[PDB]
Each structure stands twice: as C-alpha cells, then as structure tokens.
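Undergrad: This one's experimental. Sequence and coordinates below.
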Amino acid sequence: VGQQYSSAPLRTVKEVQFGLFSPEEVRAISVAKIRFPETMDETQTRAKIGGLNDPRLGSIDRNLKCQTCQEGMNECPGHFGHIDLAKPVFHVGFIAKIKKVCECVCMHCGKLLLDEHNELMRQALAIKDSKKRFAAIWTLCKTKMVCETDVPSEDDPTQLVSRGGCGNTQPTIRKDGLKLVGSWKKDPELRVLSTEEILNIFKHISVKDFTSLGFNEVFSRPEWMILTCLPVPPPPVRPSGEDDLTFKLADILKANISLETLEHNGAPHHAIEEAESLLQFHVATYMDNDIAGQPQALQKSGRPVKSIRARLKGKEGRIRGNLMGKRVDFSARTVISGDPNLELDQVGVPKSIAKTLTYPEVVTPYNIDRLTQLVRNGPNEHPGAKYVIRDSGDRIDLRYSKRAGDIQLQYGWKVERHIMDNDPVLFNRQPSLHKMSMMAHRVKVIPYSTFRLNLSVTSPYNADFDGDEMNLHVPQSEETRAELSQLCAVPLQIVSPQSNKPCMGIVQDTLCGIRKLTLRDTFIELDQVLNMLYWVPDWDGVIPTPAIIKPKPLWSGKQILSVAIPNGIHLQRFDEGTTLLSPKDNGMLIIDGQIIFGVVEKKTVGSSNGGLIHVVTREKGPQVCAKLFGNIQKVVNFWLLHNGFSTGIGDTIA
Amino acid sequence: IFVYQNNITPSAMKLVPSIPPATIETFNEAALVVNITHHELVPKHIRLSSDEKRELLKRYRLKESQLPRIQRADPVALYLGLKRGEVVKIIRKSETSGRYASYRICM
Amino acid sequence: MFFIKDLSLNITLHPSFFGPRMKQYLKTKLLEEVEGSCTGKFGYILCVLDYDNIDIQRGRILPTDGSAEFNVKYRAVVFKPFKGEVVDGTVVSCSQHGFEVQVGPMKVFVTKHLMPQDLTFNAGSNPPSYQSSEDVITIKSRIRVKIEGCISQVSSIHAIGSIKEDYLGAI
Amino acid sequence: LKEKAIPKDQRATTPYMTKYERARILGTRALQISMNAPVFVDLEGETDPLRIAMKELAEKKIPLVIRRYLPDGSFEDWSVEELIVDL
Amino acid sequence: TXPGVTXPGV
Amino acid sequence: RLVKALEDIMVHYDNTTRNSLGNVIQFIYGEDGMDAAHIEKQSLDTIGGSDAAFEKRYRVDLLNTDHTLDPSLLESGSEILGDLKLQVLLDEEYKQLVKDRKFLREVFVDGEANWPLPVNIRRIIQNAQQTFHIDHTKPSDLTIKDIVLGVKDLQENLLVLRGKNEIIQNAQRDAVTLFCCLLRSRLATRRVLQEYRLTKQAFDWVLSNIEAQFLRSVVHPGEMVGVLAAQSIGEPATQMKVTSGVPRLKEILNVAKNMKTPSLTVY
Amino acid sequence: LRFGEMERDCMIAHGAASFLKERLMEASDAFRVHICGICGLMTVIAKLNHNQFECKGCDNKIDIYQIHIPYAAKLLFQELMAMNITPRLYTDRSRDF
Amino acid sequence: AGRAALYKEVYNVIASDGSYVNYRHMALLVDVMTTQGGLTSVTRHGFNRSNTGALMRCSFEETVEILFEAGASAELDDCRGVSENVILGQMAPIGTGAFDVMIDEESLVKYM
Amino acid sequence: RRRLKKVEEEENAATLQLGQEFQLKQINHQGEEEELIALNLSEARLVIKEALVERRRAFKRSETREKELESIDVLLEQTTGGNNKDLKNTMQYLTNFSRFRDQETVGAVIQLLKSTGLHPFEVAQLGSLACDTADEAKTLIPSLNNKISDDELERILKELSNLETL
DNA sequence: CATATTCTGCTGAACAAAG
RNA sequence: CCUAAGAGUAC
DNA sequence: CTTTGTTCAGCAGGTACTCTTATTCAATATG
Ligand SMILES: [Mg+2]
Ligand SMILES: [Zn+2]
Ligand SMILES: [Zn+2]
Ligand SMILES: [Zn+2]
C-alpha cells in the first residue's frame, strides 16, 4: 500500500548543513530519558518504560504502534531519546580535533593565543576556507606555550600593549588512549586534563576566536564536541537477540549508573576515575570500535562489537553498500546464449523471467482493451498481468481474485503486467567496466531458460557463452523507459566515444563465412541465391542479374552480399599492394551499395574505424546499421550453414 | 628583480618584502640559465589586465575561485611576475582544434 | 489592521488537467484555498487583489510524477492584529469571564480582569450585559478596544484586549 | 528570479535540441499521455504513448519549454517549438 | 605507501 | 578510483566543462566542443606534400601560364582569364591556404596528416558526386567567386559557441580553426573545379551537408564526460627497459614521488 | 540483484538520470520522511491521520516539508545523529551558485 | 608543461599495447589532475581531499572521518554533485537532469 | 539565514516591532523595493470593493448603510462562492465602521497624511481611529509620542474630523 | 535444580644537540 | 534470523 | 640564529553471483 497521503508540502533537499548537536538541542528533540539498561521489563513481554526500547522511541513489535507518533513500523521514522551523562566524555571522532583546539586556546583564560598583533596572524586569518585557517592556526599556535598577556605594539616594537591575556603557561598536551595528559614546564608537572575543565575552557572561547578556528556560531561550537547528552537512536536504527548497539547502550547506561552511584555515595578518587574511564571507553567504542592501540570492546559472544563507524565504513557499509550501490527489484540474472536469428538490439528473455518481471502500465483509453485481456489472462500464463494497482493505493493480486469475478479497469489505474515484446530493458554483464557494457535491448520472449543476445553485441559486453551470467533491469515508468530507449539503446551505442570507432562488428562464425562467401571462387546457383535473397528482411524483391549469365546463371558471393549492404554506401579501402584491379582480391571497393571488389573480412565488417559499420552508421543512422548487422549475419550464416566449415588435426600438420 | 649567485641569507629573506607598491623578486642565476618559456611543453602565457579579467569573469559567469589555479611558485608564474588574483591566458597548440585558449588564476 | 502584501503559493496540477483552461483551474484553486484563510505568519487572508492577471509564471514538471508545480504570485489583503493597538469593534456576547467583541473577521475576548471596577457583569437584564455607574455595554454596541496580546489558534486567532486605558470603551 | 532569467533576445545557448533534452521531452510527454493528458496532434491509430510523443515532437505540438541552467544559476527558456531537432 | 603500496607520508 | 575522481565532470550549456563546484576544467569540451562518437580519422592535405606539389594542387593564376587552369574546367573558362578581382580572390585564398599549411606544420611537429576530425568531407564529396551524376567532361557551372564566397560563408556558419561578445567569438574561432583548415584544404578552387568537378547545385549541397554534420557533431550539454573519460581510460587497462601497463598507470594516478624507472630524454 | 557502484557509474555515463533515480528509489527503497525548515533534522512528529506535524525544540507546526529519500539514507542520517552529527536537510538555497 | 607531460605519459601507457583512446578523454583526465595548480593524485589524499561536498567525498574513502570533519566544520553541501543526489535519492543534475522542463500556458492555449 | 531557532522580540505597536516580514520596505513581485503601505478602514474597504467589482466584471465578460449592505451582500453572493464567513464579517465590519464614503475623501486623507511625512502604520491608524483631540490621539497611539508637534497633530485631526461625513 | 558472571611498500614530524 | 569460515562460477 | 641526526607515524587491499557448515562465553555459585 506504500505510504499514505501527507498534507506536508513536497520539496527536494537542496542543501545539507552539517554540524554538531548542542546538549540543549538533544534534550529538546528527545522524547524520553533512558535510565534503565534493561530492554524489557520484569514480565519479559513488554518494553520497559524508560528503558532502551522505550515505546516513545518507536514500537519494537508490528502489532503495536509507536507511542509517540501513533503510526505503524512502516511510517514511524523513529524518535531519538537522550541519556544524560553523569560526567562529560570525549567524542572519539573529535579527540584529535579537541587536542588541536585546546592546543590553540589558552587552557586558563580560554582565549586564542596569537591574536592579530602577531606578524603571521594577518596571513593566517586572511585564509578563506575554514580547514586551511585551522591548519595554519594550529601549526603556528602549537609552539607558543604562554598566554602573552603583554605583547609588543604592532606599530613599533618599542612599547608594550596589554591584551586580555592572563600570562599563564600553556601545557604540552598528548593523548594516552582516550584521555589527554598535560605537562607544564618546570619552574615538568604531568596531570590528566579532566574533560570537565576542557569543556569549561571550551565554553569560554569567544565567538570571534572559534569562528576563526573554523567552527560556526549556530551549527558547530567547539564545546559541543564534548558529549554531555547521548542521543539514543530509535529501535529502527538497532532492530532486534538484541543488536550490538543495544548492548553497547546497555553497557553505557551501566557505566553511567555506576559512576553516578560512586559520586553520590562518595568514593576514593581512584574508583571515581576508574568509573569515568570505563564510561569514556564504553562511549568511544560505541561510536568507534577500531581505535588504534586500545583493545576492541568485545561482545558477549567474544567477537568485536559492531560500532556505528563500522556500520558506515567499508564496502558493505551504509554509504557504499546501501546508497551508492543497492540491491534493486525488477531485475533478473541468468546464463546467456547466442542467437544468430535475433536482431542486434533484441535480447531473448526466458518465458518464466518474463512472467516474473513486471511493468506498471497506466490504464488509458488507448490500451484498455489489451490491458483488460492481460488481466483476464492472469499471471500463470504468458502474456498476462500480475497485479492491478488501484488509484486509492490498494493492490489487487490476480491470484486469489478470480473467485470474486472479472475486474473492471478504470482510467488512471495501473496494470502491473508481464514484460512483452518490444519492451525496452536495460541489459548488463558485470563487472560492466564501461557504458557499452550496459545497454537497452528489446525483449523477445523465448521458451528456454537462458538469455539470448546477438553475437555481434557480445563484444561490448565482453561476454562469451561458457557459463557467463547477465542481468536484466526493467524500467517501471514511461520516463525511464523513454530515456532508456532514446539514450541507452543498442543501435545508439554502435560507435563508442572510447575510441571514436564502432565497438560492435561481425565476429566468430559470421566473419569466417563472410570471408569464404566473397571469394572470387564462390558462385551460387539459382536456388541458393533465392534462399539467400529471401533471408534478407529488407530485400527489395528484385533478383540481381547474375554475374554469369551463360552457359549457367551464377551469382557470385559479392553480388548476393551486396543486397544486405544498404543502397548509397561508398567505401574504398586500399590494402597493401592492391591496385584498382585486384590481382589478390584484397582491399575493398563498394560503390552505391554494391561490392565492386575486395574480400570482405575483419577490416571491412569488423569493429574498426573507416569500415562498413562506421560508414553505414555515420551515413544512414544507427537503426540502418543495426539492420545491416542483422542482414549480414542472416545471409552469411545461411551460406555457411549450407556450405560448412570445420577444423581438425590435419589442419595443424605441415 | 634581485639576481643572486648561490643563495640568500634568511635574515635577508624576511626583509625582502618592502613597502608597497615596491615588490622584490629574487631569482637564482642557475635557475635562470635556461629560459623555460622556449620549451615546446610550455605554452604561451599572457598576463591579463584588470579590465580583461573583469571581462573574462563576466562573459563566462565565473567567480574568482572557479578558474583553474596556477601557484604563485610555478616557474612560469615567477618568470612573468604574477601576483595573486591576476589571470594568465594560456595559448596552446591543441590537436583536436588548432588553437585552445585556457585561463589560470594566480593563488 | 488591514494591509496588502505579496504572497506566493505552490500548486501541484495533475497531468490530466493541462487543457486550454489551465489558467482558469489555477486561478480557481488559488481561491477556495487562501481566500479568507487564517495563519500565524500573516494573520487572516481575506481576498486577492489584481485578479485580472495573476502572475503564475511557467510551472515546473515534477520528475517521475508528471504533475506541474506552479509558484503563483499574487497580492493579498491581510488583517493581522498587533499588540498595543487600538481598534473599533462590536460586542457580540458577554459572560462571567468577560465579553467578546467582533473586530473584522475575529472575536477578541476581554476578560473581567481587564475592566475598571465600576463595570460589573449583570445577568438580570436579558441578554446579560456589563453595566457601570455611568454607561452600560450590551450586545451590538460599538466599543473601542486596545489589543495587547495575540494567541494563535486553529483556523482562527483569539486576541486579548482591554478598555482600562484612557478614552477606551463605548463611544 | 528576474535577475536569473536571461532575456530571450540574447540567449547564447545552442538552438539545437540535445539528445538528453529530446529524451526528457519524450519521457515527460509519454508519461503525461499515459495519464490522459490532452493530445494536440491527430492520431492515426497509434496507441503507444512514446510514439504519440514522438509524433507530437515531429510536428512541434509539445507545449513545453526547457529551462537550461547555466553553471552560475542563470537559466534560459527555450520553447520546444523553437528548438531544432536535427538528431 | 598509498594506502596501499599513508603517502608517503601520512 | 578514476570514476570516483571524474564522476562530477559535466559539459554545461556554455560548453565549459565543469565539476560539481562549478570549477572550470576545460573552457570547451575536448578543446573543440565535439562529441567523441562523431569523430573520424581524416587526412590534412595542406600539411603534407612538397611546395611545388602544393602549388600544383592549390595555386591558380588567372593571369599567367605556369599555374593557369584549363578553360574547359568551368563554364566561364575564357572570361575569367584577364580578370583582376577574381585573381585577388585566388591570391587571398592561396595566402590563407599557405597560412594553414604553416599553422598545421607548427601544430604537428612530425607532419602527421591523418588526425581525428568531426566531419568526413571526403564522404560528403563522394555522396554529392554520385547523387548529382558528375560526368567529369562537361565544364562546371560553378564560378570561382561562388566557390570562394561559399567557403567563407560555410566557415562563418560553423558555430560551436553562440555568444555575442569578443571573448566568445575568439573562443569559437579557436575551436573551429582546425576543421576550417581541413575544409579549406578540401574545398579549394582548383580541387573543386578539377579534382572533384562540383556543379553549382552539387557545391551548395556539399556546403549544406558540411554545415549540418558539423552542427550535429557538437557535443551535447549535459554530457557526463568525466565518467566517460574515466571508463574509456580504465577499460583498456583491463585488456593489458621502462615500466608500462597497469603498474605505470598506478604510478601515474598515484603521482608517486619514487618511480621504478625514472628516465630522461636529451635531444 | 545488486545494482552496484559501477553500474550506477555506467548509468551516469549514459546520461539517464531518471532511470538511475528510479533504480535507486522506486525499485529498491522509497521512504517518505518529514523535516522542518528551522532545523533540517528529521525530528518531526507527524500524526498523518490527525494531520498534525510538530518538531519539538523548534516549537513549530506550520513549517514542515516532506521528502522522498532511500531508507538507507534515512538510516545513515539517523546513525549520524546518534553519532553527534546533525545532517540538517534544507529545501531552499541559502547561498548563490 | 606538467599537464602536457602527464597527457603524454597517459597516452604512452594507453598506446604501449597498441590500443587507442580518443584525445579528449585523457585530456579531461589530465586537466582534472592539474586544475588546482599542482598534480592532484587520483586517491583519497588526492581528489577526495577537496571542498567539493562532504557527501560526495565520503562515498569514496575514509567515510566516517569525512563526516566527522564536516560536522566539526559545519560544512554546507549544495547537492550539486552526482553522489549527493544519489545518496538523497533524487534526480541528479546530469544528462536528462541538467535542465528543467516546464509548461508554457500561452503556447498550449495557442495550439487550441 | 538559517539561524536554527532564533529568539525574537514580542510584537508591540508602542515600540513599532511589527516583524521581520512587516518591515518598512518590502520586495514586490517585480523585484524592486516599495514602502510598506497600510490601509485605513475606508481605504481598505474601497480597495476590497474595487477588487470584487473587477472580479465580477471579469466573470461577466468570461449612500445609506442599509442599501450598501444589500448591494455588498448581493455582489459577494454573485462573485465568489462559499466559505466566506470571514470575508463577510470583514465586509460588514468595514461598512459599519466606514469613516469615509468614496474615492475623493480617502484620496484627500491619504495625500494629507503623506504630506505629514509620518510612518505608514501610524497614518493608517490615524485614518482608522476617529479621535477628537491631540493628547487623546497621543495616549491612544503611543508611537506618536515625540514625533510631531502638538499643534500640528491637533490641527490635522481637526481637518480629519471636518472630513467626517454622516 | 536454574540464571549470572569472569606480504608490501618512506617521507616527513618530532626530539635531542649547539655553537 | 545474524555472524564467521570455506568451496566455487564469470571476468 | 641557523645546523644536522636519530626515533616514531599511519592501512589497504576489484565487481557480481552460487553453494555448504558451524556457532551463538562454561561453570562455579546462590536463591
Ligand atoms: Mg566466459
Ligand atoms: Zn514513532
Ligand atoms: Zn590565557
Ligand atoms: Zn526542527
């Protein structure tokens, strides 16, 4: 049924503005405060209120709606919760950035170290892009380890001007795992920089200071890089055996409760520090479990926990495994086979595949009759229809609906029907290294279990018939169908932009047959000439006057093959040593669509620039070039069938 | 243009930028032995005036950054004394068409 | 108060509606949708000016849909009340909490807390009214009210008024 | 949008309809014909919406305009009537 | 290098 | 990697080749604005040959006997001799041909004659000859002024950029200069009157087809040339003293500082 | 069947944008989700039957839009939100080209 | 001259085995690689490092790091690229999508 | 710009905090900027009547208070359809509190208030409120304090009361 | 007697040292 | 149902 | 106001497709 109608206006995303959650924004958008690590209550049959599967965050069962939006699992996007962290922790993906920011801002007064009074700060701040600005500011302000409450005057280095500096000594800051340690110059004193004091020094950074560091006033302030509220994703993000994220959130809540109890009841600073470190580790491994050096946070089963960063990165991650490339419907895949009796732009589709893949045809006064006939036929015979989509969104399955009687189609409905002849379908062989390896063919339904495609079109696909499989995608709308037929059609892809020369040509048996046919020895009697002439679909119906009239009417192979070549084609290629007369019958001269002389072989009908294929497709159009492919293949294959060709061991003996 | 033999002391490099509009350009004699612009790989570079740059950005509907970039350390850029923001027209003997005119903005 | 403002509305037309009367369909569907409507952004929308030629522009086909999305621009008359603004009105009803006064297309409710102590409710007289020592305010009586608060409601707005200030009340 | 729209008298794009433009015109017109859009050409028995759109384009009876977008956001409105379909 | 076969360096 | 690098390159409606940011990669696609599939290998007759052969092929003098033309070539073969204005036309046409010869010799250092160009003039000439039944004996109806003015107008009608300012006009001339060189090489007065023997209707038909084919060969805005180039480079790599093949391509795309066989050439 | 990355690249090379969109949205996963123009986040409580849209925090009810994105895209944005990143989706241009 | 040498190297690689690729493809490649004033490598550290949109950049390599940097820097993505529209499931401004098809009321009335 | 959720001041006519979309200058549909003009009761009523009669003429081709009410009701029924309860209430409110009759008097009033060189909202309120004295108008409209001289405001209100009819 | 927890590839960036 | 491993097919 | 001379720094590995098989922390401890 899809998604029901929504009165909200429909727009398209024009701009995506990235940023960070402010803690107040998380608390504002969250619909619940998650406190109990248990996912289910003591009854083990319902979602515990305040737990990680709080119904306010979305319904975990199909039978129940979401408690917040009162929608089903189909509609409900899922609504975030919030965990109020006992103590602020470092975001694992920003620690380095944090290490830079605290290295660019005085750790006592919370102001940027080198103001514009410094000579190089005019050059640094003049940079436009935020990343380059921050890189310059970091690489110049890291070496300064004093707040410099009094700096020499910009006009002259004679008098001293006092800015808003406190004159303290900035520490050298390193990272030891998930924490930062600062060493102050000995008048070194090493101590761990608490996340609370770093957050405090971040909140005191002036707007002008952190907007010169690349941060934004509205979308990403530096103090928001410190996690004080964890946005709990809805159960749609971590569907259920609970997901890895659910167990990680349970561990995070357990650590939070342990830290809260230790703080409230009073404990040695050793235990408080241990609980804080455990909470930091749990949060960091929840967001990223591939931290260098630190051991992986193992799951209950002893395997590494799949973190969010793990879910995003990689070939099978969200971006590359579900967005750039995703599994699609209305696609078939099967072994391919050659068919010399198919047109270049045609593909043979097994009857079962045609009965499975379906196209929605919008019911129109121009096609009510045949769509009604297909609906009557049903899905169990070909041609037929598999579904009827009503204008209200309800879908009638042609199976099980025969009991109610015949269906009366109305204009605007859709008949989801079996793909029939002349339906444009994208056809692919993978890896599909280039655009010619993915082309629009016309369906020809055939009673066998393999895709069937012309021999000439196998070259762009790099496809053999030794077990190769190929894919078939069916467009589901008239726009996609039309642009597929007018842009990706096989005849339009004859000439490749890859090398400005045709990519499809006469190959394999047809090429050998066309070489043998055009030899000067090859003479064809009346009956075989008639058969070969009839095999050319666009033959004008006139028998050419035989090359030899007496004492026996004989047609040469060139004369019969010239029937396939369209009228008005002139080609003149001169091989090595050929003259206007051809003692060796090499070269090629075709005048007005008749082969004057020359043996037809790879250099003429093959996929080479200046050949017959290129000339025909540049003179008569791609459609006539495909017709030439078909005619040449048909006539040459008939002649080779009735002439025979072989090879054996004796052919390798000198 | 200052042309030196081996090197410049860094204590003199800092004072090389003088009071505007005076600009000091330093060149090494060893690096100036061969005129790179006579190489067949180096195409023809022509500095554009302010009016020509304005016309170029107007006709092609471009912004400053959307032009192809040429570093203000490229040997040709040093050769012609390009300053930041100035656009060079590049005349190239192309092979699909006889003449191709590109434009590169100094950065 | 009454203003004229430049508004725009997006209209989605089905493919079946691209007859020669497409302009008529767009003009009719702009009406019955914005005429006399209410929103918090511009208050009430009463009527459309310059109906002879409304700017409809070209109209963009939504891809994969075929429906055309027009951005029709027009001139509209609006009535947005404002805080601390004096306006005339007509009394329509009285109650224990206060009285409702008809100002244009809206009803402004003045509470009993926003009248001088001399004015008191009186349900003995039919219909019930508000009587004071020197004057009485009854149904269908002209009265000037100063609006000091605006409350957004569904398809309507209920402002908050007063007559406590000097030269406010029945004329 | 008044600033964006390049005036008709000084459009500087190709007067010839591109293959992508022709493909999208045929697709949109066939999609509309499938949804019972009015036909401005006489029909000689054809029933495929795509070839109905092709017949409409051949004799220039498609009431659409291409809004060709320049890289700066400015656009030109070329009516399908005045576009030359050479391909 | 690369990666693979960062940089060098980084 | 190549496809991801070049995925956002596109030919826009001002023929510039820009990425997603709008940065100009090429001010015209392929430096000529031509679709790749509409390009064929053709020979430039001006660049090759000898100076004496070049004069015999192109130079036509209406006032002398060393480079005169047979009066039976054209209808007005006896009236053109002694003319001053037509001799001026021949002088400027041959001067332009000499300039094209020098320019093409400058462009291609090795003097290669066969290069990929959009429109195949030879096939158009042959089509006209076969369609109009050139008997090669009757004097041509064409006048020399007709030939020169038709060639000039045909060059004026080969438009790639439609702008109406000096920058766009200069870019248009630079884009069509090589095809104009080929066109002048083929449609010369001597060659048209003698080697091909076009008639007035045949010459006009040739001009019309050349203009139509050139306007058809222009690249279509919206072409995703970046992915096309990435695929057209990657696909031949699959079919594959100094390193070559896949390792050398790897080295080139990575721009590796250290390379296996760093070699240099001295002339 | 997997309509992988480089099949998408081939379809891009062909120039068929609408077929690529139909492959990636209608064939595989089309998800309608509601956002607001104040904050681009998808935190819009949308009671469709009651016809009520409300983004808590922004405290708006008359500035809601609907968009059609793949469910994979929605899941990506929700994981980014769970990872302290705001993928604010805005339906109008705030900057010129 | 660096771009010219890069094109010559690419052409030598392509034509080493006798295959031929049109000039314009390699010209586009070497123009993209040299459009920033220096040789841009076809790698994450190369093209993938450019203010061309967070969603496009992340789809190639180092996805999560790119998202983190974009969130920290509050980058604005204008969705002018193919990858952005592919991720958001909308018609990319390419090929048939490089323009807007609209309706002329006056012409439609002019037909009848 | 986006500003996420930006704070804003509460509207107040005393401070003249109309709104970001009710500023003095507004961009018209033609692309240029025009001063935000505000219609008094009679001027807005005349504008509405002109719009409705123009719509009636377009559809056709394609004074005492009671007769005025009858005419406006007939015209409203003839021109537009239903769901005009708000429009009907506004029309009857305007006809009841009609400070002016026809075009001449409203034009004279608007040109006089234009010659005053005052805020459009304030002049529209002055044309709407039928005040008597100067201090009374000042205490009715706090935005008029310390803007114009007492004598000038009193005299212009005197001429406005003179232009009062019926 | 049943649930809970204990191969294959480098250049820099950084640190100590000093006249 | 998930995860992992292995074997294999076409390039 | 410039000089070398050691020590630590960060991963990725092509596109599809088919099948099978094992596995979901052991057990001591307390209710
Ligand atoms: Mg095989
Ligand atoms: Zn919900
Ligand atoms: Zn300080
Ligand atoms: Zn919001």
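TA: Received the coordinates, thanks. Residues are numbered from 1 along each chain as shown, chains lettered A, B, ... in the order given. Ligands and ions are numbered 1, 2, ... in the order given.

Undergrad: Can you check the distance spanned by stretch A:302-315, start to finish?
TA: Stretch A:302-315 has an end-to-end distance of 24 Å (Cα to Cα, to the nearest Å).

Undergrad: and if you look at stretch A:143-151?
TA: Counting by Cα to Cα, you get 16 Å between the two ends of stretch A:143-151.

Undergrad: quick check, stretch I:20-28 touching chain G?
TA: No - using Cβ under 8 Å from any Cβ of the partner chain, we find that stretch I:20-28 stays clear of chain G, coming within 13.4 Å at best. (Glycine included, C-beta is placed from N, CA and C.)

Undergrad: Show me where chain G has its strands.
TA: Under the criterion DSSP state E, chain G contains strands at G:2-3, G:31-36, G:45-47, G:52-54, G:64-69, G:88-90.

Undergrad: okay, those, which one's buried deepest?
TA: Of all the strands of chain G, strand G:88-90 has the most neighbours on average by mean count of other Cβ atoms under 10 Å in any protein chain shown, namely a mean of 25.

Undergrad: Okay, and residue F:243 sits in which element?
TA: Following DSSP states H and E, one finds residue F:243 outside all helices and strands.

Undergrad: With adjacent residues omitted, what lies nearest to residue A:278?
TA: Spatially, and ignoring its direct neighbours in sequence, residue A:278 is nearest to residue A:255 (4.9 Å; Cβ to Cβ, 6 or more residues apart in numbering or on different chains).

Undergrad: can you pull the contacts of that neighbour?
TA: Residue A:255 is in contact with A:275, A:278, A:279, A:282, counting by Cβ atoms under 8 Å, 6 or more residues apart in numbering or on different chains.

Undergrad: residues of whichever strand or helix holds it that come out buried?
TA: Using DSSP H and E, residue A:255 sits in helix A:244-265. Neighbour-count burial for helix A:244-265 flags A:244-253, A:255-260, A:262 (criterion: 16 or more other Cβ atoms under 10 Å in any protein chain shown).

Undergrad: likewise stretch F:237-244?
TA: residue F:237.

Undergrad: for stretch A:445-464, same thing?
TA: A:445-446, A:450-463.

Undergrad: Could you do stretch A:215-235 as well?
TA: Buried, per 16+ other Cβ under 10 Å, within stretch A:215-235: A:215-216, A:219-235.

Undergrad: Check stretch H:82-98 too.
TA: Within stretch H:82-98, judged by 16+ other Cβ under 10 Å, the buried ones are H:82-98.

Undergrad: Is it in proximity to chain B?
TA: No - Stretch H:82-98 lies out of reach of chain B by Cβ under 8 Å from any Cβ, never closer than 15.8 Å.

Undergrad: Determine whether any part of that stretch lies close to chain G.
TA: Yes - against chain G, stretch H:82-98 shows contacts by Cβ under 8 Å from any Cβ at H:82, H:85-97.

Undergrad: Could you tell me the end-to-end distance of that stretch?
TA: First-to-last residue span, stretch H:82-98, Cα to Cα: 11 Å.

Undergrad: of the strands of chain G, which approaches residue C:107 most closely?
TA: Closest to residue C:107 of the strands of chain G, according to Cβ to Cβ: strand G:52-54, at 24.2 Å.

Undergrad: Would you list the strands that that closest one pairs with, along with their directions?
TA: Paired neighbours of strand G:52-54 in the sheet (DSSP bridges): strand G:45-47 (antiparallel).

Undergrad: State which helix of chain D is the longest.
TA: helix D:19-34 (DSSP state H).

Undergrad: CA-only coordinates of it in CSV, if you can.
TA: The C-alpha trace of helix D:19-34 is given here as CSV (Å, rounded to 0.1, in the frame of the first residue of the first chain):
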residue,chain,number,x,y,z
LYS,D,19,19.8,14.2,-27.1
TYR,D,20,19.2,14.5,-23.3
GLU,D,21,16.6,17.3,-23.9
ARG,D,22,14.8,15.2,-26.6
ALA,D,23,14.9,12.1,-24.3
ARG,D,24,13.4,14.0,-21.4
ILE,D,25,10.7,15.7,-23.6
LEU,D,26,9.7,12.3,-24.9
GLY,D,27,9.7,10.7,-21.5
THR,D,28,7.7,13.5,-19.9
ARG,D,29,5.2,13.7,-22.8
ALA,D,30,4.8,9.9,-22.8
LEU,D,31,4.2,9.9,-19.1
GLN,D,32,1.6,12.6,-19.5
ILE,D,33,-0.1,10.8,-22.4
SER,D,34,-0.2,7.7,-20.2
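
Undergrad: and it, what other elements does it pack with?
TA: helix A:478-487, helix D:49-58, strand D:64-69, strand H:99-103 (3 or more Cβ pairs under 8 Å, 6 or more residues apart in numbering or on different chains; DSSP states H and E).

Undergrad: How about the second one and chain G, any contact?
TA: If I follow you right, that is helix D:49-58. No - remark: helix D:49-58 sits outside contact range of chain G, by Cβ under 8 Å from any Cβ, the gap being at least 14.0 Å.

Undergrad: Thank you, goodbye.
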